[PDB]
Amino acid sequence: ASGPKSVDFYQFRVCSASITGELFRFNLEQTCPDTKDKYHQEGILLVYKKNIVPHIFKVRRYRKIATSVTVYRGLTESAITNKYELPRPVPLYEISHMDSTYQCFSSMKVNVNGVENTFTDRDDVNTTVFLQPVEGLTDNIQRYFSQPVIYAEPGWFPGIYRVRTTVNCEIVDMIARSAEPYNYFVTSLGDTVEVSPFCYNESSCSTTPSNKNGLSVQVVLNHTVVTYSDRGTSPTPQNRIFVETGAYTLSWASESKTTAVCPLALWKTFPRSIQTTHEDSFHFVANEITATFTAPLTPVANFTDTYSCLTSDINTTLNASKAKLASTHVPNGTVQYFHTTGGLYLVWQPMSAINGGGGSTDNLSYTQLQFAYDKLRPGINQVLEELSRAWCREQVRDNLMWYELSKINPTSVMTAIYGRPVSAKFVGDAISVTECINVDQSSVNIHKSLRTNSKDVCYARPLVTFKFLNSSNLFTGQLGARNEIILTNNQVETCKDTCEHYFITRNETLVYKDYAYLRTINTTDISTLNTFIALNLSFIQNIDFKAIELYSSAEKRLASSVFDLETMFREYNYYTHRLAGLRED
Amino acid sequence: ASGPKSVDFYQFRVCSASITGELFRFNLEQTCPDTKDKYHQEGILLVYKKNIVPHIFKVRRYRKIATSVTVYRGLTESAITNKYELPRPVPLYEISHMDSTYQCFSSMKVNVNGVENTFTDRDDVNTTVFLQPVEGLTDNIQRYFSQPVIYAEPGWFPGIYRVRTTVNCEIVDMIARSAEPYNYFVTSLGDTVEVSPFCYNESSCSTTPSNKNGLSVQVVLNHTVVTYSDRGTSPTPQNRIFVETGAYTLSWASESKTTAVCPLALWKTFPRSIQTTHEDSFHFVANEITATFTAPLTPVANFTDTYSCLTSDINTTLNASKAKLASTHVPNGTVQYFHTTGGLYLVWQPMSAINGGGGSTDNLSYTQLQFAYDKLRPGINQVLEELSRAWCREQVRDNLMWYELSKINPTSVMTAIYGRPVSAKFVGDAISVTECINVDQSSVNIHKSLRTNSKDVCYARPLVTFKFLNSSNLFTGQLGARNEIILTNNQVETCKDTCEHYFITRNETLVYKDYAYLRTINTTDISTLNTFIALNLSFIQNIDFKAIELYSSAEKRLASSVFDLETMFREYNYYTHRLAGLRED
Amino acid sequence: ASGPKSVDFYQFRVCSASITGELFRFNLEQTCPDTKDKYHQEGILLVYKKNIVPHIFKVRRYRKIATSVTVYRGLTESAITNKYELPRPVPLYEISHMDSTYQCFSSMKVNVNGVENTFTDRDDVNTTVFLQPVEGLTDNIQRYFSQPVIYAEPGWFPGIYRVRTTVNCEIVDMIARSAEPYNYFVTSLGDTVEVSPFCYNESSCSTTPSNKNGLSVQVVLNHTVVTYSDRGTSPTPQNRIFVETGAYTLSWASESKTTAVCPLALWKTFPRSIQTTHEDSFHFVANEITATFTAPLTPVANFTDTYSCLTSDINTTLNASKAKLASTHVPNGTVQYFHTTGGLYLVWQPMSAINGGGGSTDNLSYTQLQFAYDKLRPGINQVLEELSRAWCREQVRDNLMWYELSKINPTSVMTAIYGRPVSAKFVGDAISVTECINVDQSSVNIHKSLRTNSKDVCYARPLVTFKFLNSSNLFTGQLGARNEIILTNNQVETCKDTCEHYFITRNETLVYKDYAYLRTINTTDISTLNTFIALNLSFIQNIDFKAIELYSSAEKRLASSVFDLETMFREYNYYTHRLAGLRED
Ligand SMILES: *[C@@H]1O[C@H](CO)[C@@H](O[C@@H]2O[C@H](CO)[C@@H](O[C@@H]3O[C@H](CO[C@H]4O[C@H](CO[C@H]5O[C@H](CO)[C@@H](O)[C@H](O)[C@@H]5O[C@H]5O[C@H](CO)[C@@H](O)[C@H](O)[C@@H]5O)[C@@H](O)[C@H](O[C@H]5O[C@H](CO)[C@@H](O)[C@H](O)[C@@H]5O)[C@@H]4O)[C@@H](O)[C@H](O[C@H]4O[C@H](CO)[C@@H](O)[C@H](O)[C@@H]4O)[C@@H]3O)[C@H](O)[C@H]2NC(C)=O)[C@H](O)[C@H]1NC(C)=O
Ligand SMILES: *[C@@H]1O[C@H](CO)[C@@H](O[C@@H]2O[C@H](CO)[C@@H](O)[C@H](O)[C@H]2NC(C)=O)[C@H](O)[C@H]1NC(C)=O
Ligand SMILES: *[C@@H]1O[C@H](CO)[C@@H](O[C@@H]2O[C@H](CO)[C@@H](O)[C@H](O)[C@H]2NC(C)=O)[C@H](O)[C@H]1NC(C)=O
Ligand SMILES: *[C@@H]1O[C@H](CO)[C@@H](O[C@@H]2O[C@H](CO)[C@@H](O)[C@H](O)[C@H]2NC(C)=O)[C@H](O)[C@H]1NC(C)=O
Ligand SMILES: *[C@@H]1O[C@H](CO)[C@@H](O)[C@H](O)[C@H]1NC(C)=O
Ligand SMILES: *[C@@H]1O[C@H](CO)[C@@H](O)[C@H](O)[C@H]1NC(C)=O
Ligand SMILES: *[C@@H]1O[C@H](CO)[C@@H](O)[C@H](O)[C@H]1NC(C)=O
Ligand SMILES: *[C@@H]1O[C@H](CO)[C@@H](O)[C@H](O)[C@H]1NC(C)=O
Ligand SMILES: *[C@@H]1O[C@H](CO)[C@@H](O)[C@H](O)[C@H]1NC(C)=O
Ligand SMILES: *[C@@H]1O[C@H](CO)[C@@H](O)[C@H](O)[C@H]1NC(C)=O
Ligand SMILES: *[C@@H]1O[C@H](CO)[C@@H](O)[C@H](O)[C@H]1NC(C)=O
Ligand SMILES: *[C@@H]1O[C@H](CO)[C@@H](O)[C@H](O)[C@H]1NC(C)=O
């Protein structure tokens, strides 16, 4: 026969399983994979923020005030011409009684350029007097005075001046505060003190007085101070620091830096949370917040030596949390510490069923967006695994439908599983498969008649005459299948009174009736069955998100204070220099 | 026959539908479910923020200023030695003319410790004088003066001092402001007044003067004030409050708290929005913002009595919104009020087609994340419903393919629908199904030949000899199907010149040709057809989100003011106490 | 025959392909669509923020201070009665030497109301003296003085006063700053200057002095200033501005507005980013941030003329970025500029493989939420395209299973592809299809027996007698299929000893055995096969997101300063007016 093997359904061809081809078998007894197993670890999670508030402590301020008024007796009239005020500090010989028993000496002495000035209340004798309270606006501040009334009696002889002078003792009790570098502190009344509040424990002080330009500093040991309930059951001794600036004395009780302040504070605690491991990081889940916190794969070393000041709090918080779960869970592993990109610190303790970034970010939105994405992702990936084993259990039945169809005739199954024409035959329980041979398009002609030379026999398919490539002798058969040449003839039972056919070729159809040919008609004129099932899936669609604000930048400005400092200081400078000042003309 | 029933395809067995087994029927005329119906309610949504700005009102301040300068005539030279200033309040006998006609009395009297001081401009006679404007830096502040020039003429006789004195009247017109507890207010020039701005309507005042330490307070009825356009068409009478602190008099017009301020403000309004009900909450949708607001299932009671001050605004806003939709929608139900976790208040009005949390959260990101999640979720759940009815319409056709295959032989369909060997037979329009019986593995032997004792008949399957368990007599048949024993023989039409077979057993294959046995070969040597269609689905993948900031914490600090208050007050204290002050040595 | 065509399987009917009906063909040689192609453009992206920091520059302040002290010699005692201070500006004849060589004239003259006052240090002669440094608290401020010590020696004769007077020269070197409208500037020590810092380049100044109420302003050309290293290699000349307010002289070096400040600053640069086009906008992607920025479809015009001050920076940044990619990419198109809703500006440069909104939003969360949504959406839409071509390749095999089943008998395939009974016949390679005819329910009766009048022939289906609508003559056949009447009879091979049947009708079943009828039984008593495969898909579920804060509104307040301005100014007003002031009684 001819050389070229068939590769499409368009050329005329001769097929036969007449040779020892390749053998195939239906591989029955398949199975789909089983359901996977998935696991996770529970534990206690504690979350730490970096601290932000200033340090806050109580202080006392001691002063003596000298005042001088100039008055003019005049005649039938009198006036104040001036009033001057001079504050000064208080020495330790007096602070003793002034904080013990609320007494002071009604007079003062002031060295200036090496000469001694003196001031005495109402020009009377140096004598001891008692301090008493005065009313206040703000409940955290208390104030005590020795003499509420300024002296301005005009005097007895007409036409000349006199000077009137007074002395006060003052105590104030109030708050003071300071921030991260601890170089200085600021008092509630606005006094700025320029000494570190821990300075004795940093060994920057002594019982012998220290000195600086504009300061003297000392520590007094076993000092005692009495509350104005003024009662003999005196408070316990302390060590107290004393600062003697120009214009006042100030004092506070000594304390250590590492007991006073620690850099971190507890934000929240979750007694049930889960750890999952990814390619580059760990994820820790907090359901009550709707958030997840991530961290690098390596825990932070030395969190017992750096931040050692937390060792009071993590132990009691883990011990209380473990005692709450002790009926259902028991600890595993050991305590671990992690630092989140974003600036938070995590404490973790694994549980089993019993059966750096100093710029801490203020906005936590990325922790909630991670929780939403990690709830969508496994919810979608579970549908893909449930869809894929429902598909595989169908392909195991399709392979049995093709097996039962193959026992009827195996050729029509092989040219359905392959995309190309082949011929096939059973040789036992295995199927032998074989190539098919092309025949030339020009030797092929189809006969115009179907009734036989016998009186009552009719061909069910039209006769065809042909020859192979590179040959002279002719051959004949019947037009079979799509465009096949069949070598063995077949017939209808009788040439019954009426008959019709529409034989189909690759392009055209031949129409026959009364056992003879009539016309050639295009195949597209015959209507075609549709057996397909439509999906009509609708795809996800685009959204543009918007920038939104609850309060305007102006409303955020006006809410910050009732004071308008930007205009308050501009008017004070304009008034005191241009309007009210001495001015040339 | 033997007792044990077949449970796999590996042991040799005898099957027959020779007994009255159970009956089965193909249940034709199935259907898939129909498409569901889904519904939602439209309405108008108004959203309220808690208010944040201070209260703002106009005030007047009245003062008299006495000044005294000391000058020294000297000889061939002269200098100022001192300048002192004394502000005082203004009494009602003068405020009358001073706010009516812009006049004041050019002199003042000052009681101190029970004696009367007097100050007069340039030592001249007590006389009436007119106030006039002066220029200002800030456009909200106006200032008026009676005498712009301070007096410092040195005098005529050498070598002795003199005192020069002046008196001013001042008015200032300006803003003042106050915040949430309303205990006090602060003036634009920095004066703090320590009285509540509504105090007469709270019955904390009277027409008889009230008193406090450092204050006097009074209400004046039917008071009148004239604008500096100074024109006879005088403004309408008012009730005005007067405060007389040390150093000034201050006044403002009386007003009621419930007309002055209300705690909430309207943020946005949506004329088309949708309500959906979930297991624990309601969700309200705003498309123009790309956001959704949630609330508890119970509306807030008494929002007409608490927040009654909004009853002017919600009525006109709902009436305008309803009139905008009146061509396509008509109201249903009644107005309802809800409080969102996050601190916003919602107003809702249902429409039909015609056919607490005082910590208000500043960042609205959770409202946009809820809108994105509620756009993904129903978009994915719609694909699952469209995929599930496309699958069911295919299973209704697979059930018809198995029916048409069963009419050819029902055994091969029953052992495809069940996972196990059984035998089956039609008894009418119903199929009778029956168990199959195991035979021992040791009595089975397969014959080495296929040609019969007849001269031209050949067996299509090899002969087998066997016996049942607990028996002596032998039996024979043909090797059928996978590993079956068949009791009725079958043959090929003729012993044609050439023949070949590859019979398959559970492990091994037997090869025969020329109608006799030759070899045993492993089944895995025969190539197997693959008819499966691959899915190749690709799963969703992990993303790590990052912390991001547009401006540094330092840039947010430097943007807050041009004033550097942290260093401005430190230098003023250092200069006035250490550098410039009187200092001992 | 009767008129009504069959529309269900419930009525009895007669079917035959006895007429020339419509022709159908199996449309083989189908294909599914091929895989789509998808494309995107890479480029360099630069992102610009609006600037927020104030302008910052160096200044000098020059002063002369006159002081006067009053002291009383007295007897056996002495005291200070007053101390007064008077600051004044410095004239250009002196600023020359004072900034060149650090010298000043130890005396001053002060015009007031047209008469000249004079002050001289310690009453000594007018002489030149040298300035020297003093220590400072804050490292950005330097201060120089001519006389550190105030003079207060009491004097020699008992019982009378004397006045002591001193003069200082002061220089201060420090920072000053100003903001967006540029109307004024504020010095580090709190001095507010009320002149624009660029005023000479805006032609608001001259070398002839300008004047305002309370100011004089001048520009000095080629001025020179010497650093206190005080060395003959003098710095280069400048043009310097001079302001002469009351109480001081102040100076700064002249500069142009367009070189000093530009409104925008570079935030980040991405050398690989991608542009995608949507229905109304463009999206630009930044992977290292996990964010995408959107913009309108039209680029902004005139960004080379408005914001021309950026032309130094975008050129060098694009040139450096292009040189980094020059081994793998080459430029295409040209540079384009876009303005994002949210207030950022984008610069874009396309690359190829070689082979307005002044309210800038501070919170970028919407840019990360867009990146998450645009990672979910194409990840889900890819699964729908991979699922849809896996479905289509199966429907192309189902169409071949129906073709092979149709060659056995075409009726049972046509009533599976249609939902209704029809009859069909092959007329060649095409199938002729025909309607079926209803018969009345009352003429139908089923015979009680199956054995024939012949001695050993039995009917496989029971006999039926019937007639057509509007007729008298009777007909007979066999009960076939579901509820069909068949006109041609068929039989079992022999009336074998035992036989049983369960014939099924639309409601009831008839049971027969020993070739005769016995009972009528409901069809539901016969057990039915189940061949369906379950999906068990589980749908996505609802989540309620929460409002979260890292720091309380109180902690955000307390972190803003160590100063408590809200109480500091309230106590100063209470103390100086009520407690310490002159008060009537
Ligand atoms: C105690 O005693 C001391 C003295 O020991 C007193 O100090 C004296 O104070 C008086 C005023 O009270 C001074 O009198 C006045 O002098 C000025 C300056 O005159 C000279 O400079 C003028 C400007 O030239 C500048 O620019 C040129 C370049 O163009 C430059 O070369 C100069 O160096 C100069 O300075 C500038 O450049 C410097 C270097 O870069 C800079 O540092 C500097 O800041 C400048 O930028 C110049 O025009 C003038 O020439 C004319 O006038 C002089 C007289 O001064 C005359 O001799 C010439 O013939 C010219 O006609 C000088 O070179 C001067 O300008 C003043 O004149 C004005 O004011 C009067 C009214 O007072 C008007 O009538 C005039 O019209 C004019 O407006 C005045 O003469 C005195 O000089 C000064 N002495 C010293 C040593 O400095 C102190 O006041 C006493 N205190 C008490 C309390 O008693
Ligand atoms: C500063 O204060 C700390 C805390 O009080 C001191 O540390 C203590 O030192 C004593 C003696 O070694 C120990 O017994 C305590 O346990 C320590 N406490 C802590 C918390 O450290 C420290 O010695 C002080 N330093 C100085 C020099 O005063
Ligand atoms: C405080 O002000 C309110 C508001 O003006 C006063 O309430 C009014 O009272 C009158 C008389 O009963 C009513 O007619 C008005 O309708 C009320 N208005 C409102 C808005 O309440 C209240 O009486 C005043 N209280 C005092 C004591 O002055
Ligand atoms: C203000 O300053 C700007 C910048 O120095 C001046 O503009 C310059 O003008 C000169 C002369 O035309 C040009 O050669 C420069 O190229 C310009 N530079 C810039 C950046 O503009 C401007 O002339 C000044 N205006 C005045 C009146 O002084
Ligand atoms: C005819 O059939 C051939 C394939 O053999 C096809 O390529 C062509 O498009 C068809 N149409 C005609 C009639 O050319
Ligand atoms: C926790 O419990 C253990 C065992 O009682 C105890 O030793 C430890 O001090 C506790 N830690 C704290 C402080 O909670
Ligand atoms: C042989 O078949 C049995 C099942 O009957 C199977 O378990 C075994 O793995 C197969 N292989 C052999 C030859 O043991
Ligand atoms: C709304 O309209 C009704 C009917 O006109 C009216 O009674 C009611 O006062 C209106 N409310 C407001 C203030 O909008
Ligand atoms: C109000 O809403 C309910 C529920 O949707 C509906 O049954 C009823 O008909 C509506 N009535 C009006 C007035 O639209
Ligand atoms: C009987 O069959 C009819 C359809 O022909 C059906 O509508 C009905 O529900 C069935 N049940 C009976 C016995 O009524
Ligand atoms: C970029 O490079 C070109 C070519 O060298 C040059 O002309 C241009 O000035 C450069 N721009 C800058 C400033 O980077
Ligand atoms: C520029 O881009 C367009 C569109 O992708 C492309 O057709 C063209 O070839 C590109 N040219 C260069 C220079 O890469």
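In this document, every chain is numbered from 1 following its sequence as written, which may not correspond to the numbering used in the entry; residues for which no coordinates exist are not shown. Starting at A for chains and at 1 for ligands, labels are handed out in the order in which the entities are written. Only hydrogens and water are set aside when side-chain values are computed; all heavy atoms of the structure are taken into account.

- Looking at the entry header, you'll see cryo-EM listed as the method and 3.3 Å as the resolution.

- With the PDB entry as reference, chain A is termed ORF8, source organism Human gammaherpesvirus 8.

## Some details on the site of ligand 10
All names here are of chain C.
Item 1. Close contacts around ligand 10 come from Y10, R506 and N507, and that covers them all.
Item 2. A distance of 2.4 Å separates an oxygen atom of ligand 10 from a polar side-chain atom of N507.
Item 3. The method behind every accessible area is Shrake-Rupley, applied with a 1.4 Å probe, and residues are considered shielded solely by the protein chains displayed. Alone, ligand 10 offers 350 Å² of accessible surface; in the complex the protein occludes 34% of this. Near is defined per residue: the residue qualifies when any heavy atom it owns lies within 4 Å of the molecule or strand. Under this definition, polar contacts are N or O atom pairs within 3.5 Å; protein pairs additionally need one hydrogen-donor-capable and one acceptor-capable atom, and for neighbouring residues in sequence, both atoms have to be side-chain atoms.

## Notes on the domain arrangement of chain A
Item 1. Domain annotation for chain A reports domain 1 (41-51 + 269-363) and domain 2 (55-259).
Item 2. Domain start and end points were adopted from an automatic or database domain assignment. Domain 1 of chain A and domain 2 of chain A are separated by 51 Å when their C-alpha centres are compared.

## As for the site of ligand 12
Residues and elements named next belong to chain C.
Item 1. Residues in close proximity to ligand 12 include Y39, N332 and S352, which together make up its full environment.
Item 2. Separating an oxygen atom of ligand 12 from a side-chain N or O atom of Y39 is a distance of 3.3 Å.
Item 3. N332 has a polar side-chain atom sitting 2.3 Å from an oxygen atom of ligand 12.
Item 4. Here ligand 12 loses 34% of its free accessible area of 360 Å² to cover by the protein chains.

## Considerations on the environment of B:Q349
Residues and elements named next belong to chain B.
Item 1. In this structure, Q349 sits in strand β23 (residues 345-353).
Item 2. Judged by relative accessible area, which is 6%, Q349 ranks as buried.
Item 3. Each C-alpha atom of the pair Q349 and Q336 lies 6.8 Å from the other, and the pair is 13 residues apart in sequence.
Item 4. From its side chain, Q349 meets the backbone oxygen of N332 in a polar contact 3.4 Å long. Put simply, DSSP H or I for four residues or longer makes a helix, DSSP E for two residues or longer makes a strand, and each gets a number counted from the N terminus. Think of it in three bands: residues with accessible area under 20% of the maximum for their type are buried, residues over 50% are exposed, and the middle band is partly exposed, with areas taken using a 1.4 Å probe on protein chains only.

## Some points on the relation of the copies chain A and chain C
Item 1. Overlay of chain A on chain C (RMSD 0.0 Å): rotation 120°, translation along the axis 0.0 Å. The relationship between the two copies is best expressed as a three-fold rotation axis. For chain A, the residue whose C-alpha comes nearest the rotation axis is A:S365, separated from it by 4.0 Å. Copies are aligned with a least-squares fit on their C-alpha atoms.

## Some remarks on the interface of chain A and chain C
Item 1. Taken together, the contact pairs 126 residues of chain A with 118 residues of chain C.
Item 2. Between chain A and chain C the total buried area reaches about 11,400 Å² when both faces are included, carbon and sulfur atoms providing 61% of it.
Item 3. The term buried area means the drop in 1.4 Å probe accessible area that two parts suffer when joined, counted for both and summed. Among the residues of chain A in contact with chain C, A:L529, A:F532 and A:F545 are the three that bury the most area, contributing 7% of the side total.
Item 4. In what follows, salt bridge is the name for a side-chain nitrogen of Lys or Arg lying within 4 Å of a carboxyl oxygen of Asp or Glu. At the junction of chain A with chain C, the criterion picks out 5 salt bridges.
Item 5. Where C:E194 meets A:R570, a salt bridge forms, and the shortest distance between an N and an O atom there is 2.6 Å. Residues count as neighbours in contact if any of their non-hydrogen atoms are within 4.5 Å of one another.

## Focus: a nonpolar patch on the surface
All names here are of chain A.
Item 1. A cluster of nonpolar side chains, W156, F157, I160 and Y161, forms an exposed patch at the surface whose accessible area comes to about 520 Å².
Item 2. Relative to the helices and strands, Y161 resides in strand β12 (residues 161-178).
Item 3. On the accessibility criterion, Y161 (39% relative accessible area) is partly exposed. Candidates for patches are residues over 30% relative accessible area with no salt bridge; among them, like charges are joined within 9 Å and nonpolar side chains (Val, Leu, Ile, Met, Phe, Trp, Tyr) within 5 Å.

## Examining the interface of chain A and chain B
Item 1. Each side of the interface is counted separately: chain A has 118 residues, and chain B has 126 residues.
Item 2. Along the contact surface separating chain A from chain B lie 5 salt bridges.
Item 3. Between A:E555 and B:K49 there is a salt bridge whose closest N-O contact spans 3.3 Å.
Item 4. Secondary structure elements with two or more residues in the side of chain A that touches chain B: β2 (22-26), β5 (79-88), β7 (107-112), β19 (281-286), α4 (365-406), α5 (410-417), α6 (553-558) and α7 (565-579) of chain A.
Item 5. Counting residues per element, the side of chain A that touches chain B draws most heavily on α4(A), at 28 residues.
Item 6. Strands are treated as partners if at least two bridges between them are detected by DSSP. Pairing of β2(A) with strand β36 (residues 527-529) of chain B involves 3 bridges; the strand directions are parallel. Counted as the bridge partner of A:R25 is B:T528 from β36(B).

## Regarding the nonpolar core
Item 1. For this analysis, a nonpolar core means a set of buried residues of the types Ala, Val, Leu, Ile, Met, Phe, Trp, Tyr and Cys, connected via side-chain atoms within 4.5 Å. By size, the foremost hydrophobic cluster in this structure holds 48 residues, and its most contacted members are A:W402, B:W402 and C:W402.
Item 2. Contacts of A:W402, omitting those with residues within four sequence positions, involve A:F26, A:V413, A:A416, A:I417, C:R397, C:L400, C:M401 and C:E404.
Item 3. B:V285, B:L376, C:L369 and C:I380 belong to the second largest nonpolar core, which has 30 residues in total.

## Overview of α5(A)
Item 1. With respect to burial, α5(A) is a largely interior element, 6 of its 8 residues being buried.
Item 2. Within α5(A), the full set of buried residues consists of A:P410, A:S412, A:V413, A:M414, A:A416 and A:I417.
Item 3. The inward-facing, buried residues of α5(A) abut β2, α4, β24 (423-426) and β25 (431-434) of chain A, β36 of chain B together with α4 (365-406) of chain C.

## Side note on the pattern of salt bridges
Item 1. Under the criterion given, the structure shown has 51 salt bridges over all chains.
Item 2. Among the ionic pairs, A:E571 bridges to B:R143, the shortest N-O distance being 3.7 Å. One end of the pair, A:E571, is in helix α7; the other, B:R143, is in strand β11 (residues 142-145), on a second chain. The same class applies to A:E571 and to B:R143, which are both buried.
Item 3. Within the structure, one salt-bridge network assembled from shared partners comprises A:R61, A:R63, A:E170 and A:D191.

## Thoughts on the state of the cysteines
Item 1. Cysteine sulfur atoms are paired as a disulfide whenever they come within 2.5 Å of each other. All told, the structure shown has 15 disulfides over all chains when counted by the stated rule.
Item 2. Here the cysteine-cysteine linkages of chain A are recorded as 1-8, 2-7, 3-4, 5-6, 9-10, numbering only bonded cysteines and doing so in sequence order.
Item 3. Of all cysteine sulfurs in the structure, the one in A:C458 sits closest to A:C499, which takes part in no disulfide; the separation is 7.1 Å.
Item 4. On the basis of relative accessible area, A:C499 is assigned to the buried category, the value being 15%.
Item 5. B:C199 takes part in no disulfide bond, and the closest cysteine sulfur, belonging to B:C205, lies 3.4 Å away.

## A short note on the pairing of strand β18 (residues 264-277) of chain A
Residues and elements named next belong to chain A.
Item 1. Both strand β3 (residues 41-50) and β18 contribute to a ladder of 9 bridges, which runs antiparallel. Looking at the pairing, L46 lines up with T269 of β18.
Item 2. As paired elements, β18 and β19 share 3 bridges and run antiparallel to each other. Among the inter-strand pairings, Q275 is bridged to a residue of β19, identified as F284.

## A word on the sheet that holds strand β26 (residues 437-438) of chain B
Paired through their backbone hydrogen bonds, the strands of a sheet run either parallel or antiparallel.
Residues and elements named next belong to chain B.
Item 1. With mixed pairing, 6 strands are arranged side by side in an open sheet as β26-β1-β31-β30-β29-β27. In the strand order of this sheet, the two ends are held by β26 and β27 (445-446), each with one partner.
Item 2. Sheet topology places β27 next to strand β29 (residues 463-466); 2 bridges connect them, and they run antiparallel. Residue pairing in the sheet places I446 in a bridge with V464 of β29.

## So, the side chain of C:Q478
All names here are of chain C.
Item 1. Residue position: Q478 is located in strand β30 (residues 475-480).
Item 2. A relative accessible area of 2% means that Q478 is categorised as buried.
Item 3. Sequence-distant contacts of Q478, that is, excluding residues within four places in its chain, are made with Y459, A460, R461, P462, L463, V464, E484, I485, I486, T488, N489 and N490.

## Re the sheet that holds strand β33 (residues 500-504) of chain B
Residues and elements named next belong to chain B.
Item 1. Pairing is antiparallel in the open sheet, where 3 strands are placed in the order β33-β34-β35. The sheet is open, and its two borders are formed by β33 and β35 (516-522), each paired with just one other strand. The average angle at which neighbouring strand axes cross in this sheet is 25°, direction not considered.
Item 2. Bridge analysis of β33 against strand β34 (residues 508-513) gives 5 bridges, and the strand direction is antiparallel. Following the sheet pairing, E500 is matched in β34 by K513. Lines fitted to C-alpha atoms define the axes, with helix axes restricted to the stretch in contact, and inter-axis angles between N-to-C directions lie between 0 and 180 degrees.

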